[PDB]
Every structure is written in C-alpha cells, then in structure tokens.
Amino acid sequence: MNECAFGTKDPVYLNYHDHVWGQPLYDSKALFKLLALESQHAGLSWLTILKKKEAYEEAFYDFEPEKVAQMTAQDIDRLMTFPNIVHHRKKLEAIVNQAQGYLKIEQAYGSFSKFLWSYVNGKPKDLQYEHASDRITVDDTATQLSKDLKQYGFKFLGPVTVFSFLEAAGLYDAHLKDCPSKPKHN
Ligand SMILES: [Zn+2]
C-alpha cells in the first residue's frame with residue numbers, strides 16, 4: 001500500500017516497508033542492528049542507509065555486539081574513510097556506545113530482546129491506523145525507553161528516534177489497516 005509506505009515509490013524502500021518494517025522482531029542481535037542503523041538515520045533519507053547497509057555491516061563486525069563494544073577511537077579513525085558509510089564521527093562513535101549498552105543490559109537482565117519487548121508486555125502494540133495522517137511520531141513509552149537506554153550508555157537515540165525504531169522492529173505495528181504487509185496479531 002502506497003499510502004502506508006509514506007508515498008515512496010522507490011522499490012528498494014518498498015522492499016523495506018514490505019519485508020522488514022513493522023514485522024515483529026524477537027532476536028536480540030537483529031534488534032540491536034536495527035536500532036543501530038536507525039540511529040544513523042538523522043538528517044538523511046532512509047534509502048541512504050538502506051543502500052549502505054552492507055557497508056555498515058563490514059564496518060561494524062556484522063553488528064555483533066561483543067565485537068562492536070570493543071571498538072576504540074582507533075577503529076573510528078579508520079572508519080572515517082571507510083567507503084560507503086556516512087562519515088559523521090558522532091554517529092559512528094554512537095554505534096560503539098550502543099553495543100556497550102547492549103552488553104550492560106544483557107548483564108543486568110539477560111536478554112536485550114526481553115528488555116525491549118517488556119515495554120509492550122511481550123506482544124506488538126497494534127496502533128490500528130487507517131490513514132497515514134493518523135500516525136504520530138512520538139509517545140510517552142518511546143520517551144521513557146529513550147531515557148532508560150540512555151542510562152546504559154546508548155547515544156543518538158532520542159524519543160522520536162526510539163519511536164521510529166519501535167515501529168520498525170514491530171514492537172509497534174504502524175501499518176495501515178488495509179496494507180497487504182500488516183502483520184497478523186493473535
Ligand atoms: Zn504497510
């Protein structure tokens with residue numbers, strides 16, 4: 001559904017809308033990767049990051065948190081000229097701080113997935129949208145999660161960005177009622 005996919009026609013973006021965005025994601029490492037890539041979105045089109053995903057994977061150990069968490073200024077120095085990623089130093093540093101935060105969460109709570117999913121009581125919040133104009137960009141839960149993640153050292157993940165992540169990972173289902181890609185919830 002065109003309306004649901006923000007009126008974007010580029011089929012690389014539509015692929016993301018159709019096969020990733022809003023589909024419940026329960027795997028800890030996959031959640032981390034999606035969150036990390038979401039943090040790179042700011043001030044750019046999502047298509048920009050999508051086309052660079054494989055480059056980010058090569059830059060960041062396939063977003064494996066134990067490996068990313070150990071990266072240093074020395075790695076970031078190198079990555080500032082690594083081809084086909086966005087060379088915004090604070091964005092790149094943020095991915096490392098996020099990986100460190102993930103490890104701290106898993107130390108305290110066991111599972112990064114269980115930590116995040118707890119914010120919606122273990123099942124997707126169906127926002128029951130019918131029109132694209134129904135959509136909000138932030139809420140109280142995303143704001144609290146943003147704050148809570150900040151306490152474990154996560155960076156570049158403000159309330160609006162976290163809200164976007166919740167929708168992307170399917171913790172929130174923001175697909176329109178008549179979108180072919182709207183997931184079934186039981
Ligand atoms: Zn949709």
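The first residue in the sequence is number 1, and the count goes up from there. Values below: all heavy atoms of this structure, side chains included; hydrogens, waters and symmetry mates excluded.
Minimum heavy-atom separation, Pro124 to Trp117: N-CZ3, 3.6 Å. Shortest non-hydrogen contact noted between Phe163 and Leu127 is CZ-CD1, 4.4 Å.
With contacts defined as side-chain heavy-atom distances shorter than 4.5 Å, the pair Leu171/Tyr26 does not qualify. Contact annotation: the side chain of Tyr119 never approaches that of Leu166 to less than 4.5 Å [non-hydrogen atoms, C-beta and beyond]. Using a 4.5 Å heavy-atom threshold, the side chains of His41 and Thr161 count as separate. The shortest side-chain heavy-atom distance between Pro24 and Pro183 falls under the 4.5 Å cut-off.
For residues 64-79, the pairs satisfying salt bridge (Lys or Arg N to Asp or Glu O under 4.0 Å) are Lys29-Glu64, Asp75-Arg78, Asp77-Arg89, with sequence neighbours left out. Applying the salt bridge (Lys or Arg N to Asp or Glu O under 4.0 Å) test to pairs two or more places apart or on separate chains, none has a residue in residues 139-151. The stretch residues 162-174 participates, sequence neighbours left out, in these salt bridge (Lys or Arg N to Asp or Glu O under 4.0 Å) pairs: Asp173-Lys182.
Looking only at distances, no side-chain donor or acceptor of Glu130 sits under 3.5 Å from a matching main-chain atom of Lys177. Judged purely by atom type and a 3.5 angstrom limit, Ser28 has no side-chain atom pairing as donor or acceptor with the backbone of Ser111. With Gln40 contributing its side chain and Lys91 its backbone, the two residues share a donor-acceptor pair below 3.5 Å.
Taking the ring pair (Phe, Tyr, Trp, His ring centres under 6.0 Å) definition, one finds that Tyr61 meets it with nothing, sequence neighbours left out. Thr8 pairs by the side chain to side chain donor-acceptor pair (under 3.5 Å) definition with nothing, not counting sequence neighbours. The side chain to side chain donor-acceptor pair (under 3.5 Å) search around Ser45 returns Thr48, not counting sequence neighbours. Contacts of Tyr152 classified as ring pair (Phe, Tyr, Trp, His ring centres under 6.0 Å), with partners at least two apart in sequence or in another chain: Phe115. Judged as a ring pair (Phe, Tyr, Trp, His ring centres under 6.0 Å), and not counting sequence neighbours, the contacts of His88 are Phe156.
Side-chain contact check for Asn2 and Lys9: at least one donor-acceptor pair (N or O, by modelled atom type) lies under 3.5 Å.
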Name each donor-acceptor pair under 3.5 Å that joins a side chain in residues 94-105 to protein atoms two or more places apart or in another chain, with its distance.
unit_1: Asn97; atom_1: ND2; unit_2: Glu93; atom_2: O; d: 3.1
unit_1: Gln98; atom_1: NE2; unit_2: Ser39; atom_2: OG; d: 3.1
unit_1: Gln98; atom_1: NE2; unit_2: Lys155; atom_2: O; d: 3.0
unit_1: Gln100; atom_1: NE2; unit_2: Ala69; atom_2: O; d: 3.0
unit_1: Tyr102; atom_1: OH; unit_2: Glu106; atom_2: OE2; d: 3.4

Please output the side-chain donor-acceptor pairs of residues 50-60 that fall under 3.5 Å, not counting sequence neighbours, one pair per line with the distance.
unit_1: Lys52; atom_1: NZ; unit_2: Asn84; atom_2: OD1; d: 3.1
unit_1: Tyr56; atom_1: OH; unit_2: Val86; atom_2: N; d: 3.0
unit_1: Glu57; atom_1: OE2; unit_2: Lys33; atom_2: NZ; d: 2.6

Acceptor/donor pairs from residues 12-19 side chains to any protein atom, 3.5 angstrom cut, sequence neighbours excluded:
unit_1: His17; atom_1: NE2; unit_2: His175; atom_2: ND1; d: 3.3

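Taking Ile, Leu, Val, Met, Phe, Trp and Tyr as hydrophobic and joining them when side-chain heavy atoms fall under 4.5 Å apart, one finds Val138 in a cluster with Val160.
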